[PDB]
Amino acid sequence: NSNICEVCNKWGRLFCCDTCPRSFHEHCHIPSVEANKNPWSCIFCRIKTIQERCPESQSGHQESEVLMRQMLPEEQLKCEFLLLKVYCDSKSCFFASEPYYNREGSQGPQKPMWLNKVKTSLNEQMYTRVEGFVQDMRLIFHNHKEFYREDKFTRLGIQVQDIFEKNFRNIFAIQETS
């Protein structure tokens, strides 16, 4: 197995996947690495299994259909993995914890949002459809773009949203378009 966490790229107290060479810190994995379970399979492995069991699950889908899906176990897993893919990018640090807003010429958002809040919400089964999770994820970046206006820091929101959107299209097999 790897000697660094797959998400944050640091060494430490790592839990190793039994079916692939990835490793994870306990709370870097989503869901948090399970207490017992030998063997243990990471989220990357669990998602690959879904695909392998239903190869047709990779044919293209419409986003509008994906968003209306209820959060049954497989859709819950897919949202967890998509959230983890965002945390995998180091620029996710900017969006992880609760933000505050005090900048001359801007007003904070009406509904603040952050990655750790989405993480808790998934853990607590607060989303009933995929739409709930995707709306909160996109709100993170939209709030950032609006607040930072013409400061070049706005680009961080664009960058991390692009990771999100690429991974959303991949994980939920969104039909490719120009």
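All residue numbers are counted from 1 along the displayed sequence.
Asks: Which is higher on average in the deposited entry, the C-alpha temperature factors of 62 to 70 or of 43 to 51?
Replies: On average, C-alpha B-factors are higher across 43 to 51.
Asks: Highest mean C-alpha temperature factor of the two stretches 21 to 29 and 161 to 169, which is it?
Replies: 21 to 29 has the higher mean C-alpha B-factor.
Asks: Just the C-alpha B-factor column, please: which of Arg129, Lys145, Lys119, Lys37 has the biggest number?
Replies: Of the options given, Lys37 has the highest CA B-factor in the PDB entry.
Asks: Hey, what third does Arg149 fall into on Cα B-factor, ranked over its chain?
Replies: Its C-alpha B-factor belongs to the highest third of this chain's values.
Asks: Compared with the other modelled residues in the chain, in which third is the CA B-factor of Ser92?
Replies: Tercile = lowest for this residue's CA B-factor.
Asks: Once the chain's modelled residues are ordered by C-alpha B factor and cut into thirds, is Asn123 in the lowest, middle or highest one?
Replies: Answer is middle: the recorded C-alpha B-factor places it there.
Asks: Quick one: classify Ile174 as lowest, middle or highest third of the chain based on its Cα B-factor.
Replies: Within its chain, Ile174 is a lowest-third residue by C-alpha B-factor, going by the deposited values.
Asks: Which third, lowest, middle or highest, does the CA B-factor of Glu75 fall in along this chain?
Replies: Middle third by C-alpha B-factor.
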